[PDB]
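Visitor: What follows is protein.cif, mmCIF, C-alpha atoms.
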data_structure
loop_
_atom_site.label_atom_id
_atom_site.label_comp_id
_atom_site.auth_asym_id
_atom_site.auth_seq_id
_atom_site.Cartn_x
_atom_site.Cartn_y
_atom_site.Cartn_z
CA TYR A 708 95.74 -105.64 -144.75
CA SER A 709 97.80 -104.16 -141.96
CA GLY A 710 99.60 -106.90 -140.02
CA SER A 711 103.33 -107.46 -140.04
CA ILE A 712 104.77 -107.91 -143.52
CA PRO A 713 107.30 -110.76 -143.50
CA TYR A 714 108.73 -109.96 -146.93
CA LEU A 715 109.91 -106.67 -145.43
CA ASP A 716 110.29 -106.89 -141.66
CA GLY A 717 111.87 -110.35 -141.44
CA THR A 718 109.24 -112.26 -139.43
CA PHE A 719 109.00 -115.67 -141.12
CA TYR A 720 106.52 -118.18 -139.74
CA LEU A 721 105.82 -120.83 -142.41
CA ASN A 722 109.09 -122.74 -142.64
CA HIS A 723 107.73 -126.07 -141.49
CA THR A 724 105.63 -126.47 -144.63
CA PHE A 725 108.37 -127.79 -146.96
CA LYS A 726 108.59 -131.45 -147.94
CA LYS A 727 111.61 -131.50 -150.26
CA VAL A 728 113.51 -129.66 -152.98
CA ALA A 729 115.39 -130.98 -156.01
CA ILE A 730 118.02 -129.21 -158.11
CA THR A 731 119.09 -130.13 -161.62
CA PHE A 732 121.55 -128.69 -164.14
CA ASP A 733 121.09 -128.97 -167.91
CA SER A 734 118.28 -131.54 -167.81
CA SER A 735 120.45 -134.48 -166.78
CA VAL A 736 122.67 -133.55 -163.72
CA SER A 737 122.16 -133.16 -159.81
CA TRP A 738 124.16 -130.46 -157.85
CA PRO A 739 124.40 -132.11 -154.61
CA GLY A 740 125.64 -134.85 -156.83
CA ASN A 741 128.17 -137.58 -156.59
CA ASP A 742 126.83 -140.07 -154.05
CA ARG A 743 127.37 -137.44 -151.41
CA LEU A 744 124.19 -137.73 -149.32
CA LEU A 745 122.08 -140.56 -147.96
CA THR A 746 119.27 -139.71 -150.36
CA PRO A 747 121.57 -138.46 -153.08
CA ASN A 748 119.08 -137.14 -155.61
CA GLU A 749 117.47 -134.49 -153.38
CA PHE A 750 117.29 -133.12 -149.86
CA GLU A 751 114.64 -134.50 -147.50
CA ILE A 752 113.45 -132.28 -144.67
CA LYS A 753 110.63 -134.36 -143.18
CA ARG A 754 109.19 -137.83 -143.57
CA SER A 755 106.21 -140.10 -143.06
CA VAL A 756 106.35 -143.45 -141.25
CA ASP A 757 109.03 -145.57 -142.89
CA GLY A 758 111.69 -142.90 -142.52
CA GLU A 759 111.80 -143.74 -138.84
CA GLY A 760 115.44 -144.77 -139.28
CA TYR A 761 116.67 -141.43 -140.58
CA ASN A 762 115.29 -138.93 -138.05
CA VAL A 763 117.38 -137.04 -135.52
CA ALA A 764 116.84 -134.90 -132.41
CA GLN A 765 113.62 -136.65 -131.38
CA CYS A 766 111.59 -135.09 -134.17
CA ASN A 767 110.72 -135.76 -137.80
CA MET A 768 113.83 -134.14 -139.31
CA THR A 769 116.11 -136.22 -141.52
CA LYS A 770 119.72 -136.39 -140.42
CA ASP A 771 121.23 -134.93 -143.56
CA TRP A 772 119.24 -131.71 -143.46
CA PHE A 773 120.26 -131.18 -139.86
CA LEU A 774 123.86 -131.70 -140.94
CA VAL A 775 123.60 -129.29 -143.87
CA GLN A 776 122.08 -126.52 -141.80
CA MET A 777 124.50 -126.93 -138.92
CA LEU A 778 127.46 -126.75 -141.28
CA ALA A 779 126.31 -123.89 -143.46
CA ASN A 780 125.44 -121.78 -140.47
CA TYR A 781 128.33 -122.41 -138.09
CA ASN A 782 130.87 -124.67 -139.84
CA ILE A 783 130.24 -127.33 -137.19
CA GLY A 784 129.51 -130.99 -137.77
CA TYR A 785 132.66 -132.73 -138.92
CA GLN A 786 133.71 -132.91 -135.26
CA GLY A 787 130.46 -133.89 -133.56
CA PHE A 788 127.63 -131.55 -132.64
CA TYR A 789 127.27 -129.28 -129.62
CA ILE A 790 125.89 -125.85 -128.69
CA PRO A 791 127.61 -123.03 -130.61
CA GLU A 792 128.82 -120.13 -128.50
CA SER A 793 126.64 -117.11 -127.83
CA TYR A 794 128.48 -114.67 -130.08
CA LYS A 795 128.41 -116.89 -133.17
CA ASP A 796 124.62 -117.36 -132.98
CA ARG A 797 122.68 -114.11 -133.37
CA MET A 798 118.92 -113.58 -133.19
CA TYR A 799 118.05 -114.75 -136.71
CA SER A 800 120.08 -117.93 -136.44
CA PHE A 801 119.04 -121.53 -137.00
CA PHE A 802 119.73 -122.68 -133.45
CA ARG A 803 118.00 -119.89 -131.61
CA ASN A 804 114.71 -121.03 -133.14
CA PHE A 805 114.74 -124.83 -133.30
CA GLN A 806 111.81 -126.49 -131.53
CA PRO A 807 110.84 -130.18 -131.34
CA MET A 808 107.41 -131.27 -130.11
CA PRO B 52 141.29 -122.34 -151.48
CA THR B 53 140.35 -123.43 -154.98
CA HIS B 54 141.89 -126.90 -154.95
CA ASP B 55 143.59 -129.59 -152.86
CA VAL B 56 140.91 -129.92 -150.17
CA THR B 57 137.81 -131.55 -151.62
CA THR B 58 137.96 -134.68 -153.71
CA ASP B 59 136.22 -135.26 -157.02
CA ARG B 60 135.45 -138.98 -157.12
CA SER B 61 132.22 -140.21 -155.61
CA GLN B 62 132.54 -140.73 -151.86
CA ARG B 63 129.89 -140.71 -149.13
CA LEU B 64 129.63 -138.26 -146.23
CA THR B 65 127.61 -140.29 -143.70
CA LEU B 66 127.99 -144.00 -143.02
CA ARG B 67 125.66 -146.36 -141.19
CA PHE B 68 126.89 -149.68 -139.83
CA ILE B 69 124.73 -152.68 -138.89
CA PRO B 70 125.62 -154.98 -136.00
CA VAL B 71 126.99 -158.37 -136.93
CA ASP B 72 126.14 -159.94 -133.57
CA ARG B 73 123.55 -159.22 -130.88
CA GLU B 74 123.20 -161.23 -127.69
CA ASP B 75 120.53 -160.73 -125.04
CA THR B 76 120.29 -161.28 -121.29
CA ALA B 77 117.59 -160.18 -118.88
CA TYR B 78 119.73 -157.30 -117.60
CA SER B 79 122.12 -156.40 -120.45
CA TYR B 80 122.69 -157.06 -124.12
CA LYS B 81 125.97 -157.13 -126.03
CA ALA B 82 126.35 -155.66 -129.51
CA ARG B 83 129.35 -156.03 -131.81
CA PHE B 84 130.41 -154.04 -134.86
CA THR B 85 133.09 -154.35 -137.52
CA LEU B 86 133.93 -150.75 -138.30
CA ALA B 87 135.81 -150.26 -141.56
CA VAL B 88 137.77 -147.18 -142.60
CA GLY B 89 139.25 -147.49 -146.06
CA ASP B 90 142.42 -145.93 -147.34
CA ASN B 91 142.68 -142.22 -148.13
CA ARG B 92 140.32 -141.25 -145.31
CA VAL B 93 140.53 -139.95 -141.77
CA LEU B 94 137.70 -140.51 -139.31
CA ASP B 95 137.52 -138.39 -136.19
CA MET B 96 135.76 -140.25 -133.41
CA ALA B 97 133.81 -137.22 -132.20
CA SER B 98 131.14 -137.98 -134.81
CA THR B 99 130.18 -141.53 -133.84
CA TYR B 100 127.14 -142.18 -131.68
CA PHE B 101 124.75 -145.05 -131.25
CA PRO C 4 159.49 -146.79 -120.56
CA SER C 5 163.24 -147.41 -120.97
CA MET C 6 164.46 -145.07 -123.72
CA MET C 7 162.79 -142.01 -122.16
CA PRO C 8 161.60 -141.76 -118.55
CA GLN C 9 158.04 -142.07 -117.30
CA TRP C 10 156.96 -138.47 -116.73
CA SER C 11 158.59 -137.06 -119.84
CA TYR C 12 157.02 -139.85 -121.89
CA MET C 13 153.32 -138.99 -121.64
CA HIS C 14 154.10 -135.27 -121.70
CA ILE C 15 153.47 -134.78 -118.01
CA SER C 16 156.44 -132.39 -118.10
CA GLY C 17 158.97 -131.27 -120.64
CA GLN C 18 158.25 -129.62 -123.97
CA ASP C 19 155.03 -128.56 -125.66
CA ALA C 20 153.76 -129.95 -128.94
CA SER C 21 155.22 -126.91 -130.69
CA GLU C 22 158.58 -128.66 -130.42
CA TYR C 23 158.46 -132.45 -130.37
CA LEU C 24 156.59 -132.87 -133.67
CA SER C 25 158.07 -133.51 -137.10
CA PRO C 26 157.99 -129.89 -138.27
CA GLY C 27 156.05 -130.95 -141.32
CA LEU C 28 153.17 -131.73 -138.98
CA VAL C 29 153.44 -128.32 -137.32
CA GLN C 30 153.36 -126.78 -140.79
CA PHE C 31 150.22 -128.73 -141.56
CA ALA C 32 148.43 -127.94 -138.30
CA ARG C 33 149.07 -124.28 -139.00
CA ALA C 34 147.86 -124.72 -142.58
CA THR C 35 144.29 -125.98 -142.00
CA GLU C 36 143.44 -124.48 -138.62
CA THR C 37 140.23 -122.76 -139.66
CA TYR C 38 138.34 -125.77 -141.04
CA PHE C 39 139.87 -128.84 -139.38
CA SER C 40 140.95 -128.41 -135.78
CA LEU C 41 143.81 -130.46 -134.38
CA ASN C 42 145.21 -128.60 -131.38
CA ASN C 43 143.04 -130.53 -128.91
CA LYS C 44 144.87 -133.80 -129.67
CA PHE C 45 148.18 -133.11 -127.90
CA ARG C 46 149.08 -132.22 -124.33
CA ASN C 47 151.25 -129.19 -123.55
CA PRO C 48 152.43 -129.74 -120.00
CA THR C 49 152.76 -126.85 -117.58
CA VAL C 50 154.58 -126.68 -114.26
CA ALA C 51 154.90 -124.04 -111.59
CA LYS D 860 95.53 -147.85 -114.13
CA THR D 861 93.21 -148.09 -117.14
CA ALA D 862 94.61 -145.70 -119.72
CA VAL D 863 93.57 -145.94 -123.36
CA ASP D 864 95.74 -147.35 -126.16
CA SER D 865 97.82 -144.56 -127.61
CA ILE D 866 99.64 -143.47 -130.75
CA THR D 867 102.29 -140.77 -131.03
CA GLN D 868 102.72 -137.57 -133.03
CA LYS D 869 105.90 -135.53 -133.55
CA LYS D 870 106.76 -132.33 -135.39
CA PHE D 871 108.95 -129.24 -135.18
CA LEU D 872 108.85 -125.46 -135.43
CA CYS D 873 111.62 -123.11 -136.54
CA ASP D 874 109.93 -119.83 -137.44
CA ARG D 875 111.95 -116.64 -137.89
CA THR D 876 114.87 -118.11 -139.85
CA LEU D 877 115.79 -118.59 -143.49
CA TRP D 878 116.15 -121.96 -145.19
CA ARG D 879 119.58 -121.61 -146.80
CA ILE D 880 121.96 -123.70 -148.90
CA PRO D 881 125.61 -123.00 -149.80
CA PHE D 882 127.17 -123.44 -153.24
CA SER D 883 130.35 -125.20 -152.10
CA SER D 884 131.83 -128.66 -152.41
CA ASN D 885 131.65 -129.60 -148.73
CA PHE D 886 128.96 -127.19 -147.50
CA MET D 887 131.39 -125.28 -145.27
CA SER D 888 131.94 -121.53 -145.38
CA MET D 889 135.66 -121.36 -146.13
CA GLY D 890 135.50 -117.88 -147.63
CA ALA D 891 133.30 -115.57 -149.49
CA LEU D 892 133.76 -116.89 -153.04
CA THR D 893 133.51 -120.58 -152.84
CA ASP D 894 135.48 -123.23 -154.57
CA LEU D 895 132.80 -124.20 -156.97
CA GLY D 896 132.63 -120.62 -157.96
CA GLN D 897 136.25 -119.87 -158.50
CA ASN D 898 136.19 -122.89 -160.65
CA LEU D 899 134.83 -119.95 -162.54
CA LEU D 900 133.52 -122.81 -164.22
CA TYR D 901 136.98 -122.41 -165.89
CA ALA D 902 135.48 -119.12 -166.35
CA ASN D 903 133.93 -120.48 -169.58
CA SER D 904 130.82 -122.56 -169.90
CA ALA D 905 127.08 -122.19 -169.49
CA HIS D 906 123.91 -123.74 -168.06
CA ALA D 907 120.15 -123.59 -167.36
CA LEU D 908 118.66 -124.55 -164.00
CA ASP D 909 115.64 -126.65 -163.01
CA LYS E 860 106.40 -102.18 -78.42
CA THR E 861 105.81 -105.71 -77.09
CA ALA E 862 108.82 -107.70 -78.19
CA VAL E 863 110.04 -110.80 -76.37
CA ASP E 864 113.48 -111.94 -75.28
CA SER E 865 115.01 -113.61 -78.29
CA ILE E 866 118.17 -115.36 -79.43
CA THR E 867 119.74 -115.56 -82.87
CA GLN E 868 120.77 -118.49 -85.06
CA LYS E 869 122.95 -118.52 -88.17
CA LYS E 870 123.71 -121.09 -90.86
CA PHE E 871 124.40 -121.38 -94.58
CA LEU E 872 123.79 -123.47 -97.68
CA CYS E 873 126.42 -124.51 -100.22
CA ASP E 874 124.87 -127.34 -102.19
CA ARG E 875 126.12 -128.50 -105.58
CA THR E 876 129.91 -128.36 -105.19
CA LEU E 877 132.90 -130.11 -103.67
CA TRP E 878 135.01 -128.90 -100.80
CA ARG E 879 138.59 -128.56 -102.04
CA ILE E 880 142.07 -128.49 -100.55
CA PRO E 881 145.06 -127.92 -102.84
CA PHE E 882 148.35 -129.70 -102.25
CA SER E 883 150.38 -126.52 -102.70
CA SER E 884 152.84 -124.80 -100.42
CA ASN E 885 150.67 -121.68 -100.20
CA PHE E 886 147.27 -122.75 -101.58
CA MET E 887 147.43 -121.28 -105.05
CA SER E 888 146.89 -122.59 -108.56
CA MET E 889 150.33 -121.92 -110.03
CA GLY E 890 150.48 -124.81 -112.48
CA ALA E 891 148.76 -127.96 -113.64
CA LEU E 892 151.31 -129.84 -111.55
CA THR E 893 151.76 -128.34 -108.12
CA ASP E 894 155.17 -127.51 -106.73
CA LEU E 895 155.05 -129.64 -103.59
CA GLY E 896 154.45 -132.74 -105.68
CA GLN E 897 157.98 -132.17 -107.00
CA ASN E 898 159.49 -131.61 -103.57
CA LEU E 899 162.23 -134.16 -103.09
CA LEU E 900 161.17 -135.52 -99.70
CA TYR E 901 157.85 -136.61 -101.18
CA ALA E 902 159.39 -138.25 -104.26
CA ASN E 903 162.26 -140.27 -102.81
CA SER E 904 160.72 -142.21 -99.90
CA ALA E 905 157.41 -143.43 -98.50
CA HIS E 906 155.00 -142.15 -95.86
CA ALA E 907 151.71 -143.16 -94.26
CA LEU E 908 148.66 -140.90 -94.19
CA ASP E 909 146.05 -140.43 -91.46
CA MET E 910 142.92 -138.30 -91.77
CA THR E 911 140.23 -137.54 -89.20
CA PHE E 912 136.81 -136.01 -89.89
CA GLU E 913 134.26 -134.66 -87.42
CA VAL E 914 130.90 -134.00 -89.07
CA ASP E 915 127.33 -133.16 -88.11
CA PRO E 916 125.36 -136.20 -86.91
CA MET E 917 122.46 -137.70 -88.81
CA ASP E 918 120.16 -140.63 -88.18
CA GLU E 919 120.33 -142.63 -91.41
CA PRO E 920 123.47 -144.32 -92.73
CA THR E 921 125.65 -142.24 -95.03
CA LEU E 922 128.98 -142.28 -96.87
CA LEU E 923 132.06 -140.08 -96.86
CA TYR E 924 133.13 -139.41 -100.44
CA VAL E 925 136.79 -138.56 -101.08
CA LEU E 926 138.41 -137.75 -104.43
CA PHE E 927 142.20 -137.87 -104.45
CA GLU E 928 143.20 -135.64 -107.36
CA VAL E 929 145.96 -137.30 -109.40
CA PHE E 930 147.36 -137.39 -112.93
CA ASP E 931 145.72 -139.70 -115.45
CA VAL E 932 147.02 -139.90 -119.02
CA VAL E 933 147.01 -142.26 -121.97
CA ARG E 934 149.36 -142.39 -124.96
CA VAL E 935 148.20 -143.90 -128.24
CA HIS E 936 150.36 -145.29 -131.03
CA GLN E 937 149.43 -146.54 -134.52
CA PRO E 938 152.57 -147.85 -136.22
CA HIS E 939 151.13 -149.84 -139.12
CA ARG E 940 147.77 -150.12 -140.81
CA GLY E 941 145.06 -151.75 -138.76
CA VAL E 942 147.14 -151.94 -135.58
CA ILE E 943 146.58 -149.79 -132.50
CA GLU E 944 148.44 -149.84 -129.19
CA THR E 945 148.15 -147.82 -126.01
CA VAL E 946 149.85 -147.19 -122.71
CA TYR E 947 147.76 -146.04 -119.75
CA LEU E 948 149.59 -144.30 -116.93
CA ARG E 949 147.77 -143.08 -113.84
CA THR E 950 149.94 -141.76 -111.04
CA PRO E 951 150.14 -141.77 -108.07
CA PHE E 952 148.02 -144.67 -106.80
CA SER E 953 149.09 -146.46 -109.95
CA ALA E 954 147.27 -149.54 -111.22
CA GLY E 955 148.33 -152.11 -108.69
CA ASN E 956 147.96 -150.10 -105.48
CA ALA E 957 145.19 -149.58 -102.93
CA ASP F 607 110.75 -147.99 -106.63
CA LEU F 608 109.89 -148.53 -110.26
CA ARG F 609 110.54 -152.26 -110.33
CA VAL F 610 107.38 -152.90 -108.32
CA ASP F 611 104.96 -150.63 -110.13
CA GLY F 612 105.30 -152.07 -113.61
CA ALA F 613 107.60 -149.97 -115.76
CA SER F 614 109.15 -151.80 -118.69
CA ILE F 615 111.55 -150.94 -121.49
CA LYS F 616 112.25 -153.00 -124.60
CA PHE F 617 114.95 -152.57 -127.25
CA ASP F 618 114.32 -153.56 -130.86
CA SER F 619 116.95 -152.26 -133.29
CA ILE F 620 120.31 -150.52 -133.01
CA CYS F 621 122.60 -149.05 -135.67
CA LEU F 622 125.87 -147.08 -135.59
CA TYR F 623 126.71 -143.80 -137.33
CA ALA F 624 129.85 -142.05 -138.55
CA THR F 625 130.84 -139.09 -140.71
CA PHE F 626 133.85 -138.43 -142.93
CA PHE F 627 135.41 -135.21 -144.15
CA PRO F 628 135.80 -135.86 -147.88
CA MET F 629 139.42 -134.75 -147.77
CA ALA F 630 141.34 -134.78 -151.03
CA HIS F 631 143.23 -138.02 -151.43
CA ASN F 632 146.73 -136.56 -151.59
CA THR F 633 146.35 -134.56 -148.40
CA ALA F 634 144.76 -137.51 -146.60
CA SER F 635 147.61 -139.79 -147.63
CA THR F 636 150.13 -137.21 -146.45
CA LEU F 637 148.38 -137.16 -143.09
CA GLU F 638 148.34 -140.95 -142.92
CA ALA F 639 152.05 -141.12 -143.63
CA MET F 640 152.88 -138.38 -141.14
CA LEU F 641 150.79 -139.72 -138.27
CA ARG F 642 152.34 -143.18 -137.97
CA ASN F 643 155.77 -141.91 -136.91
CA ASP F 644 156.48 -143.04 -133.38
CA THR F 645 157.23 -139.49 -132.25
CA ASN F 646 153.83 -138.06 -133.24
CA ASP F 647 151.74 -140.24 -130.97
CA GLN F 648 148.54 -139.20 -129.23
CA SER F 649 148.24 -137.83 -125.71
CA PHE F 650 144.87 -137.54 -123.92
CA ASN F 651 143.79 -136.47 -120.43
CA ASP F 652 140.57 -137.00 -118.50
CA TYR F 653 139.17 -133.89 -116.85
CA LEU F 654 137.92 -135.07 -113.54
CA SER F 655 141.04 -137.04 -113.34
CA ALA F 656 141.37 -138.68 -110.00
CA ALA F 657 140.68 -141.79 -108.11
#
Once more with this new file: its structure as structure tokens, please.

Guide:
Amino acid sequence: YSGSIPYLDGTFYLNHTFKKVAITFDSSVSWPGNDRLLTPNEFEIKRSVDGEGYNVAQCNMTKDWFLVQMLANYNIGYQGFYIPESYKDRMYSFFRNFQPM
Amino acid sequence: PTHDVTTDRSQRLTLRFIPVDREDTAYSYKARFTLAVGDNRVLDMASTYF
Amino acid sequence: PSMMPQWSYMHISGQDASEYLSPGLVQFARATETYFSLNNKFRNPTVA
Amino acid sequence: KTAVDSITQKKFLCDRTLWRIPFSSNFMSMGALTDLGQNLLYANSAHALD
Amino acid sequence: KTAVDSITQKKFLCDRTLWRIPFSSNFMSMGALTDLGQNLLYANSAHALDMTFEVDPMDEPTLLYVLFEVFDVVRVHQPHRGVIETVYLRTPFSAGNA
Amino acid sequence: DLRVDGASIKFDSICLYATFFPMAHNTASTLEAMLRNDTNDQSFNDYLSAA
């Protein structure tokens, strides 16, 4: 093969294919843990029908994942969302590349 | 800072509140809420939207 | 509206928040600036 | 005037970015070591991850 | 080589903004509160105002839209638990005046 | 004029959202005690500001 090699160049194009991920320590824990999140046992990134209460930004993204990503990228979210400044958001950010459809 | 910021006892990050009264008229509807902030918390209003 | 006059009450003129706060609160606001902003909650009147 | 009966479809696209997750207590980036790390796990313990 | 006698017309376009006039002594932005607003003669008596506008004519009814810039502030107080009080002050043209 | 043509808009459900910084209890209680003193009140302006 000869096309662009994501594992080296940085071009990632398959992100939207994840349903959820669960973490567990020592066979009986849960690192998010402690009734922190709406769905405390694991993170939910997209949903089918009934999760029509928990979606944000006119798409199929659960609120909590939006919150987590906003925080961990730009420490914004405990004071209401808005557009982070140009300097603090470089090319490989999370908010340069968001697209709802 | 290792300590004295985050708690350790189970407390939720996001809260969702149901209306307790909805009334309807052909050109406007009125919705009421009983917001509740317990002790040992501070809520900044910038993060409340309908 | 009787103990202190109108303008100087709502911080239309007078002294900035760096002065009229119980210095414990100033200490605190300077302690957690990076992860919990507060400075946008107090006027700081200017006058030419 | 005589459009068909419709249903709706929604999705998103965020190529060219990394799905990350921080190892902190409140998901913020307060420094490059992280509370839950300096806990050092009282620099003495052990675990396996699933 | 075959031009015609011509006249020239000039105009401009400045949509999407407000025309301003500052209430300063020399039209500058020297402070959030202007100096003339503190001038004694304007703060120890009363006076009546009269404005006159001449504008371009148009053939369908319109409105003249005027914003008097003033000070508007609110102070909030929470003495005990579950009690909140406020004082709104807007001046001049304070609540209770035309 | 959209009244004539036949546009319509119906509301079904409505819920309210809020978020809390899980601040450690001691620091939060210190803030609560400090912020009720009648000389640490809140000021607030309103950009446009005018009548």

Visitor: Considering only C-alpha atoms, return as a ChimeraX atom specification whatever protein or nucleic-acid residues lie within 10 Å of region 23-37 of chain C, sequence-local ones (same chain, fewer than 2 positions apart) excluded.

Guide: /A:782 /B:56 /C:17-21,39-42 /D:889 /F:633,636-637,640-641,643,645-647

Visitor: Using all atoms listed in the file, determine which residues of chain B fall within 8 Å of chain A; present them as a list in words.

Guide: residues 60, 61, 62, 63, 64, 65, 95, 96, 97, 98 and 99 of chain B

Visitor: Starting from the PyMOL selection byres ((chain B) within 8 of (chain D)), expand the selection into actual residues of this file and give them as a ChimeraX atom specification.

Guide: /B:52-54,57

Visitor: Given all atoms listed in the file as the basis, pick out the residue of D:861, D:876, D:867, D:903 nearest to chain A.

Guide: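 The shortest atom-to-atom distance to chain A comes from D:876.
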
Visitor: Could you name the residues that touch residue 776 (chain A) at 12 Å or less, counting all atoms listed in the file, but leaving out those on the same chain fewer than 4 positions away, as a PDB file with C-alpha atoms, in the frame of the given file?

Guide:
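This is the output file around-v3.pdb:
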ATOM      1  CA  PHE A 750     117.290-133.120-149.860  1.00  0.00           C
ATOM      2  CA  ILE A 752     113.450-132.280-144.670  1.00  0.00           C
ATOM      3  CA  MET A 768     113.830-134.140-139.310  1.00  0.00           C
ATOM      4  CA  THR A 769     116.110-136.220-141.520  1.00  0.00           C
ATOM      5  CA  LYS A 770     119.720-136.390-140.420  1.00  0.00           C
ATOM      6  CA  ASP A 771     121.230-134.930-143.560  1.00  0.00           C
ATOM      7  CA  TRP A 772     119.240-131.710-143.460  1.00  0.00           C
ATOM      8  CA  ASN A 780     125.440-121.780-140.470  1.00  0.00           C
ATOM      9  CA  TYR A 781     128.330-122.410-138.090  1.00  0.00           C
ATOM     10  CA  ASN A 782     130.870-124.670-139.840  1.00  0.00           C
ATOM     11  CA  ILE A 783     130.240-127.330-137.190  1.00  0.00           C
ATOM     12  CA  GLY A 784     129.510-130.990-137.770  1.00  0.00           C
ATOM     13  CA  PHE A 788     127.630-131.550-132.640  1.00  0.00           C
ATOM     14  CA  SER A 800     120.080-117.930-136.440  1.00  0.00           C
ATOM     15  CA  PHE A 801     119.040-121.530-137.000  1.00  0.00           C
ATOM     16  CA  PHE A 802     119.730-122.680-133.450  1.00  0.00           C
ATOM     17  CA  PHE A 805     114.740-124.830-133.300  1.00  0.00           C
TER      18      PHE A 805
ATOM     19  CA  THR D 876     114.870-118.110-139.850  1.00  0.00           C
ATOM     20  CA  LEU D 877     115.790-118.590-143.490  1.00  0.00           C
ATOM     21  CA  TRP D 878     116.150-121.960-145.190  1.00  0.00           C
ATOM     22  CA  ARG D 879     119.580-121.610-146.800  1.00  0.00           C
ATOM     23  CA  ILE D 880     121.960-123.700-148.900  1.00  0.00           C
ATOM     24  CA  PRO D 881     125.610-123.000-149.800  1.00  0.00           C
ATOM     25  CA  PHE D 886     128.960-127.190-147.500  1.00  0.00           C
ATOM     26  CA  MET D 887     131.390-125.280-145.270  1.00  0.00           C
ATOM     27  CA  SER D 888     131.940-121.530-145.380  1.00  0.00           C
TER      28      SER D 888
END

Visitor: Set the cut-off to 6 Å and count all atoms listed in the file: what are the residues of chain E that reach chain F? Output as a ChimeraX atom specification.

Guide: /E:926-929,931-938

Visitor: With 7 Å as the limit and counting all atoms listed in the file, what residues in chain F lie close to chain B? Please list them as a list in words.

Guide: residues 621, 622, 623, 624, 625, 626, 627, 628, 629, 630, 631, 634 and 635 of chain F

Visitor: Starting from the shown file, work through the PyMOL selection byres ((chain C) within 12 of (chain E)) and note down what comes out as a list in words.

Guide: residues 4, 9, 10, 11, 12, 13, 14, 15, 16, 17, 44, 45, 46, 47, 48, 49, 50 and 51 of chain C

Visitor: One decimal, in Å: what's the spacing between CA of residue 765 (chain A) and CA of residue 790 (chain A)?

Guide: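 Straight-line distance from CA of residue 765 (chain A) to CA of residue 790 (chain A) works out to 16.6 Å.
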
Visitor: Enter the distance from CA of residue 906 (chain D) to CA of residue 734 (chain A), in Å, rounded to one decimal.

Guide: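 Going from CA of residue 906 (chain D) over to CA of residue 734 (chain A), I get 9.6 Å.
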
Visitor: Separation of CA of residue 796 (chain A) and CA of residue 763 (chain A), in Å?

Guide: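 It comes out at 21.1 Å.
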
Visitor: Taking the file above as input, evaluate the PyMOL selection byres ((chain D) within 6 of (chain A)) and report the hits as a ChimeraX atom specification.

Guide: /D:869-876,886-887,906-909

Visitor: Emit a file covering region 861-873 of chain D of the preceding structure with N, CA and C atoms, as a PDB file, in the first residue's frame.

Guide:
ATOM      1  N   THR D 861     -47.344  18.662  -1.229  1.00  0.00           N
ATOM      2  CA  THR D 861     -47.664  17.253  -1.034  1.00  0.00           C
ATOM      3  C   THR D 861     -46.408  16.447  -0.752  1.00  0.00           C
ATOM      4  N   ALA D 862     -45.602  16.918   0.193  1.00  0.00           N
ATOM      5  CA  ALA D 862     -44.376  16.218   0.535  1.00  0.00           C
ATOM      6  C   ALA D 862     -44.679  14.907   1.244  1.00  0.00           C
ATOM      7  N   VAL D 863     -43.725  13.988   1.170  1.00  0.00           N
ATOM      8  CA  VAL D 863     -43.850  12.666   1.769  1.00  0.00           C
ATOM      9  C   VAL D 863     -43.718  12.770   3.281  1.00  0.00           C
ATOM     10  N   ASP D 864     -44.010  11.684   3.989  1.00  0.00           N
ATOM     11  CA  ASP D 864     -43.831  11.623   5.433  1.00  0.00           C
ATOM     12  C   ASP D 864     -42.403  11.213   5.763  1.00  0.00           C
ATOM     13  N   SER D 865     -41.755  11.977   6.630  1.00  0.00           N
ATOM     14  CA  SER D 865     -40.313  11.917   6.770  1.00  0.00           C
ATOM     15  C   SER D 865     -39.891  11.411   8.143  1.00  0.00           C
ATOM     16  N   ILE D 866     -38.673  10.877   8.185  1.00  0.00           N
ATOM     17  CA  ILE D 866     -37.964  10.583   9.420  1.00  0.00           C
ATOM     18  C   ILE D 866     -36.596  11.239   9.325  1.00  0.00           C
ATOM     19  N   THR D 867     -35.916  11.329  10.466  1.00  0.00           N
ATOM     20  CA  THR D 867     -34.717  12.146  10.598  1.00  0.00           C
ATOM     21  C   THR D 867     -33.503  11.304  10.956  1.00  0.00           C
ATOM     22  N   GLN D 868     -32.336  11.730  10.483  1.00  0.00           N
ATOM     23  CA  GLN D 868     -31.089  11.062  10.817  1.00  0.00           C
ATOM     24  C   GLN D 868     -30.034  12.096  11.174  1.00  0.00           C
ATOM     25  N   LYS D 869     -29.280  11.813  12.241  1.00  0.00           N
ATOM     26  CA  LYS D 869     -28.245  12.696  12.759  1.00  0.00           C
ATOM     27  C   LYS D 869     -26.971  11.912  13.018  1.00  0.00           C
ATOM     28  N   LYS D 870     -25.835  12.574  12.838  1.00  0.00           N
ATOM     29  CA  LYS D 870     -24.552  11.993  13.222  1.00  0.00           C
ATOM     30  C   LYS D 870     -23.512  13.103  13.285  1.00  0.00           C
ATOM     31  N   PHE D 871     -22.254  12.721  13.491  1.00  0.00           N
ATOM     32  CA  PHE D 871     -21.193  13.703  13.639  1.00  0.00           C
ATOM     33  C   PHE D 871     -19.915  13.164  13.019  1.00  0.00           C
ATOM     34  N   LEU D 872     -18.925  14.042  12.936  1.00  0.00           N
ATOM     35  CA  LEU D 872     -17.651  13.733  12.303  1.00  0.00           C
ATOM     36  C   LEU D 872     -16.582  14.601  12.937  1.00  0.00           C
ATOM     37  N   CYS D 873     -15.566  13.967  13.513  1.00  0.00           N
ATOM     38  CA  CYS D 873     -14.460  14.682  14.139  1.00  0.00           C
ATOM     39  C   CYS D 873     -13.129  14.017  13.812  1.00  0.00           C
TER      40      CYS D 873
END
